[PDB]
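Trainee: build me a model from this:
(one chain, ligands or ions: 4)
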Amino acid sequence: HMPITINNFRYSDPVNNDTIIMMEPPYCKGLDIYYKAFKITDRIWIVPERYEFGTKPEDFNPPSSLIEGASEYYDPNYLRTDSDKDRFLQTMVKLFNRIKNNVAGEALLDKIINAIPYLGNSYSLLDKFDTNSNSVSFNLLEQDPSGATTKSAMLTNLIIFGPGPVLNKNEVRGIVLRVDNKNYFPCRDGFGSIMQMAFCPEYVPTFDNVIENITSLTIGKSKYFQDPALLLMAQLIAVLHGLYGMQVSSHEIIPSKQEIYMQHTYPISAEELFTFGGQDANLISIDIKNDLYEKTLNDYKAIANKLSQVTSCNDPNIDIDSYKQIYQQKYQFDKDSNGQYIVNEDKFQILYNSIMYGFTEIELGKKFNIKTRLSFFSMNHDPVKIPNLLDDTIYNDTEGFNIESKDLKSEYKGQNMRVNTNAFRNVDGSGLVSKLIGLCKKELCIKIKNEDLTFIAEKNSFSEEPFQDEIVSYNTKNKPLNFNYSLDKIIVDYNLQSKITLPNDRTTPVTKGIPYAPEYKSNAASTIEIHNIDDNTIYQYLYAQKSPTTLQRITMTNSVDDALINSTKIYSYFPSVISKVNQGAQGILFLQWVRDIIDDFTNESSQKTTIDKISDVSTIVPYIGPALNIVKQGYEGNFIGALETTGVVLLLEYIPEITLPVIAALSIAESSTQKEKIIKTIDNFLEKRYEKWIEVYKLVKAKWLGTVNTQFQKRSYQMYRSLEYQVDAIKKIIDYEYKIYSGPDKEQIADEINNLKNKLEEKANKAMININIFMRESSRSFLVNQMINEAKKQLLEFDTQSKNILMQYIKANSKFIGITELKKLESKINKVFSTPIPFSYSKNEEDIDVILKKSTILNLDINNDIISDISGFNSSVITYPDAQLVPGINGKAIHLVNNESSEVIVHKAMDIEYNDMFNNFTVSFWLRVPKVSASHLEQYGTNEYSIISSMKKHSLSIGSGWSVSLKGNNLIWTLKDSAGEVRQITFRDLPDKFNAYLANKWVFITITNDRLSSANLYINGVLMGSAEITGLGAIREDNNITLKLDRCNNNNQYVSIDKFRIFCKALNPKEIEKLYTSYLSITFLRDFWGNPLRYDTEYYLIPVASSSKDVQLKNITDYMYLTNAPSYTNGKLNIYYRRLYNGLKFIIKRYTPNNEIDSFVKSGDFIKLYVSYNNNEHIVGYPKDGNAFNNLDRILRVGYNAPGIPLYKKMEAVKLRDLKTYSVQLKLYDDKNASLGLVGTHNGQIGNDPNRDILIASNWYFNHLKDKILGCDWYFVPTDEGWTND
Ligand SMILES: [Cl-]
Ligand code: NA
Ligand code: NA
Ligand code: NA
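Mentor: Residues are numbered from 1 along each chain as shown. Ligands and ions are numbered 1, 2, ... in the order given. Please find the structure below.
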């Protein structure tokens, strides 16, 4: 890949007419106003001027107040001098270097460079490329050494200016055109335009980690400043959307103004939420995302027609067909037969999603190791200045602030304001303006920042479209139910794309049109909002907790008013803490007093409870009530009682309407009498019905995010501020009392007093963990119970009505369908409508282990005899009555028999999608199938039956998806696209059933899928099968993943499945190897089948190094030896194997009874080994001075019974080698605990006996534990129903 060039320059560098020009900006078109401009890279210009278009000079002065939004820094003198301009320029170069220095950043820039605006728009002649517009070109003025000045023009993508009036609020806008006295944006209907950014690198926003999950290193909270490179990248994402003509301007989230506690902001564009990414993207309901997608599809279709029937350009020196090739590439159009450009919907979906959803602030932060806010509604604090971005000791172009050599990389410490105090300065107070609200009590007025208020979305933010009638026919198109795109996929795509060399930018001067700059929308206010309240609010309660700045003895009071009035009194709600801190001189009991404070704080702050009536909330912190003045009438002393009788809704200031209007039943308008069209219409209908459940669930979730979750988030913040106040006050009291303390031990105790203050903070941090859990669980619980309950109510009724409509249509068309088809329809439809769609509460590069963990989107585990998804995505798992449990790899596994009740169904969570849009994916699981008898191979060898399937369940057919199937001794992987085309791996198992993978042994399956190459089947980490899958279309699989024997004609067939798991990428051999090994442990020893090894269980012994041999006994008291096992061969069926269950049976017993009551044999357990013979157990050991080949290989004896002769029989069952084999080693000790060696064999001849491999113990093996093949490795084989000798 060709590196992206970033140009270098000083502001004072002479114009060169290449990288440094005199530009006439778009909104100065034809006015002859020029500014020095600098080409940072292809298609991107920097103009180090304040963005003044549409403003007046007073706009640049700090106002007294703001109308709305977060705090704003004004500075009219910013970016005025040449040295300022140079500093700006040098900073922007550095930021562009930072961005390109990471492949994710490189991908973003590459995408922006090549997304050239279309040479025309909706109001062009539609047959001719038009460069004569300020939407696509800017004029420049070029001076010759001779003295001639020519005015020409350049096409560009992006012009970046310095900031407007507000430094700390960056903006991106497209060029507007005035047509028919109306504002038209080509960047909004497919074409794109020049995009203009106003940007400031040095005045950055701040945020905190208050509501974030805990880490394993830190539990305390901090404020962070943002990295300007990420701020820039966030703006570039908006630019990208504009270039693709996909700027949103329709469905905004409008803040309610109903109440005084509600946050004032400009409406939030849907596009801002998409740019930010993560869970907040779901604030836009799926029906709206669909409306936006449909709009852009239409826009792109219209652009395909325009580009096809283009004839010429206003500029004759442009190459129309060369521009026609960038555009084909840009819009991912295909060519017709006639050479017309057409939309391929598959390609559109990939392109659209990648642009709207692909790059996000959250994703980019992770790639760059830059800390971002976790929530779009997370707390913003005052902005700060970064004065020294150009100093590599503070900020460099590979690591930003988070520099590894300063130990600032770990946990974004370089952005942490507690730590990196060198990197930032507080802004000048005279430049900082806020939206303040005064609260006056009837003459104390407190000032609340707009930031401290709660965002509540107004009802008109939310769609009602899912409630409206929906018409189903055969022509009915399936809508996408997921609109997302991984940055991971973009990067992969990028690395697989070749360079695109743009044509010349230069064009003819812009002469047409008027340079209408939209008027600045001033946030200046000359008033502050002021309210009188009767009763104390949350804000009085918080403010009452604030300590004075001036050093004095502080006391605590349980009275808010008392604290509001007195500057030395702090409101508290920890009565024991209060009692203790209010105490006077302790004299010599001072240290114990400080200890006592810490103890009381610990007990009081750690209070937690549960209420049965709120059964899915694990942690209730009772003191929230008195801390924030959350009180219910009649329960003034009883918050827990209040919560018990109200539910979590008690915690909400704004109580939303949660009941929902009726959902119109689906309707059918289909006249066709063709059977194929009727069935299609039914299939369409069933899908549409599913889509309704999803749409409504998503709408409710959107409303919850914008009206409910915001409040619970605020409660978290409020409680954090309260606890912070409490800790601060206590610290000040301890500090004050320590100061005036006189005692002989003052100096000596200084450390402990400091440790105790630290412990205070720790306990407060732990309380905050509880509070965060409380609010998260209360929020989820309100969504999942109260809100989604109402949805279900209406959806159940929708289902009933919709079922009637469908049954009507089938009855009316019954003569065209047929009685056999009609019976299937009936039972199918009854099944479908007798099961609701569940609601999922999804969660949504260190090393390989991390990569395996992060790319897992489903993971079935069994706990407490229950199968569930442990991935975090929270897919619902339904276990049917005859799904059975057996021993697994780690705990228990799933056992499926050939009946209808033997079934496990996974309903994938709402937001997971691992194999659409041609996404790469891997599926893995442990599998155990019985050795198929010769008889069943004859009867059923050609009967292909699935065991796992995602394949879409239509009314009368099975559609797109994947399946695992078996057919005799073949394991089959099938991919099916939405056209019915398939790709398959057929793995033919080994004929030697002792070594075979489908013969009663736990084996690890891994199937990777690379949509641009092939599907690969691995067993035990080894590649076994491959199929090219290139050319296969889109996979649109069922929501359900079904584990079940499907179409199996053998009533006795069964399978076991463990650790079923899906990854959202194609794993590479190293990853699979690591995945495979990660399941293998030495702790529990294994039998031959892969099950845990057990005491008091009969096992046949087989040596690994000689697996065709059985162990035999010469006689009681005597030695053991190897002989060939009887064998089975079947040429017809191409199967053979050494027969099992012949030869000596052994039993393992604990050497001495211990405090374990399970019967699992663990590695390192002391054992006695016995032979079961003549319905007796005979101990295996070595007699003292017994025969031993060359005095080293001790010959083992069975039931040796010679009086006065010590018999050594203490063994250790151990896993010392070969983790991938289900084999065991046995170590024998003498009575002085000296090793007599590992149990193996030695070739020899005793007396008249034939030459034999004789069982021994020998220390020789201990020098060979890394060898590939060792005679000390033993299989333990118990009789098993899965293996019967033929
Ligand atoms: Cl002997
Ligand atoms: Na600057
Ligand atoms: Na995303
Ligand atoms: Na006070």
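Trainee: do you know how far the one residue in the stretch 251-400 of the chain that gets nearest to ligand 2 is from residue 572?
Mentor: Per C-beta to the ion, residue 389 is where the stretch 251-400 of the chain lies closest to ligand 2, at 8.0 Å. For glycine as for every other residue, the C-beta is placed from the backbone atoms N, C-alpha and C. Here the criterion is C-beta to C-beta, to the nearest Å. By it, residue 389 lies 43 Å from residue 572.
Trainee: which residues does the most centrally placed residue in the chain contact?
Mentor: Geometric centre of the chain, nearest residue: residue 844, 3.9 Å, by C-alpha atoms, centre = their mean. By C-beta atoms under 8 Å, 6 or more residues apart in numbering, the contact set of residue 844 is 278-279, 873, 911.
Trainee: and residue 1089, by the same measure?
Mentor: 928, 1000-1002, 1222, 1278, 1280, 1282.
Trainee: in JSON lines: the residues you listed, plus neighbour count, secondary structure and distance to residue 706.
Mentor: Compiled in JSON lines, the contacts of residue 1089 are given as follows (neighbours: other C-beta atoms under 10 Å; DSSP: H, G, I helix; E, B strand; the rest coil; distance: C-beta to C-beta, whole Å):
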{"residue": "928", "neighbour count": "25", "secondary structure": "strand", "distance to residue 706": "49"}
{"residue": "1000", "neighbour count": "21", "secondary structure": "coil", "distance to residue 706": "56"}
{"residue": "1001", "neighbour count": "24", "secondary structure": "coil", "distance to residue 706": "54"}
{"residue": "1002", "neighbour count": "21", "secondary structure": "coil", "distance to residue 706": "49"}
{"residue": "1222", "neighbour count": "21", "secondary structure": "coil", "distance to residue 706": "55"}
{"residue": "1278", "neighbour count": "18", "secondary structure": "coil", "distance to residue 706": "60"}
{"residue": "1280", "neighbour count": "17", "secondary structure": "strand", "distance to residue 706": "58"}
{"residue": "1282", "neighbour count": "15", "secondary structure": "coil", "distance to residue 706": "55"}
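Trainee: quick one: which of those residues is nearest residue 889?
Mentor: residue 1002 (6.5 Å; C-beta to C-beta).
Trainee: tally of neighbours for the nearest residue to the closest one once chain neighbours are set aside?
Mentor: Excluding the flanking residues, the one nearest residue 1002 by C-beta to C-beta, 6 or more residues apart in numbering is residue 1090, at 3.1 Å. Per other C-beta atoms under 10 Å, the neighbour tally for residue 1090 reads 19.
Trainee: quick check: residue 1090 touching residue 1000?
Mentor: No: using C-beta atoms under 8 Å, residue 1090 makes no contact with residue 1000, being 9.3 Å away.
Trainee: anything in contact with each of the two?
Mentor: Common neighbours of residue 1090 and residue 1000 (criterion: C-beta under 8 Å, 6+ apart): residue 928.
Trainee: closest point of the stretch 901-1050 of the chain to ligand 4, which residue?
Mentor: residue 911 (47.2 Å).
Trainee: let me redo that: the stretch 1051-1200 of the chain
Mentor: Closest point on the stretch 1051-1200 of the chain to ligand 4, by C-beta to the ion, is residue 1064, at 54.0 Å.
Trainee: spit out the contact partners of the residue lying closest to that residue once chain neighbours are set aside.
Mentor: If you skip the residues right next to it in sequence, residue 1064 has residue 914 as its closest partner in space, 4.4 Å away by C-beta to C-beta, 6+ apart. Applying C-beta under 8 Å, 6+ apart to residue 914 gives the contacts 857-858, 921, 1062-1064.
Trainee: ok, residue 914 to residue 1062 distance?
Mentor: For residue 914, the distance to residue 1062 - C-beta to C-beta - is 6 Å.
Trainee: can you list residues touching both of the two?
Mentor: Joint contacts of residue 914 and residue 1062 (C-beta under 8 Å, 6+ apart) are 857-858, 921.
Trainee: count of neighbours near whatever residue of the stretch 451-600 of the chain ends up closest to ligand 2?
Mentor: Going by C-beta to the ion, ligand 2 is nearest to residue 520 of the stretch 451-600 of the chain, at 21.6 Å. Residues lying near residue 520 (other C-beta under 10 Å) number 16.
Trainee: my guess is it meets residue 54, correct?
Mentor: Yes: at 4.8 Å, residue 520 and residue 54 qualify as touching, with contact defined as C-beta under 8 Å.
Trainee: that older thread, burial of the residue of the stretch 901-1050 of the chain closest to ligand 4, as a residue count?
Mentor: Residue 911: 19 neighbours (other C-beta under 10 Å).
Trainee: if we can go back for a sec, element containing the residue nearest to the centre of the chain, please.
Mentor: For residue 844, there is no host helix or strand (DSSP states H and E).
Trainee: list the buried residues for stretch 404-413?
Mentor: 406, 408-409, 411-413 (16 or more other C-beta atoms under 10 Å).
Trainee: just these now: which is nearest residue 354?
Mentor: Once C-beta to C-beta is applied, the member of the buried residues of stretch 404-413 that ends up nearest residue 354 is residue 412, at 27.6 Å.
Trainee: for that closest one, give me its contacts.
Mentor: Contact analysis of residue 412 by C-beta under 8 Å, 6+ apart lists 224, 369-371, 402.
Trainee: backbone phi and psi for the spatially closest residue to residue 661 that is not a sequence neighbour, please?
Mentor: Leaving aside its sequence neighbours, residue 661 sits nearest to residue 467 (C-beta to C-beta, 6+ apart; 5.2 Å). Main-chain torsions, residue 467, degrees, to the nearest 10: phi -90, psi -20.
Trainee: if I look at residue 467, how far off is ligand 4?
Mentor: Shown here: residue 467 relative to ligand 4, a distance of 52 Å by C-beta to the ion, to the nearest Å.
Trainee: could you give the number of residues near that residue?
Mentor: 18.
Trainee: so where does the residue lying closest to residue 1046 once chain neighbours are set aside fall, helix or strand?
Mentor: Spatial nearest neighbour of residue 1046, excluding adjacent residues (C-beta to C-beta, 6+ apart): residue 946 at 4.2 Å. For residue 946, the element it lies in under DSSP H and E is strand 945-949.
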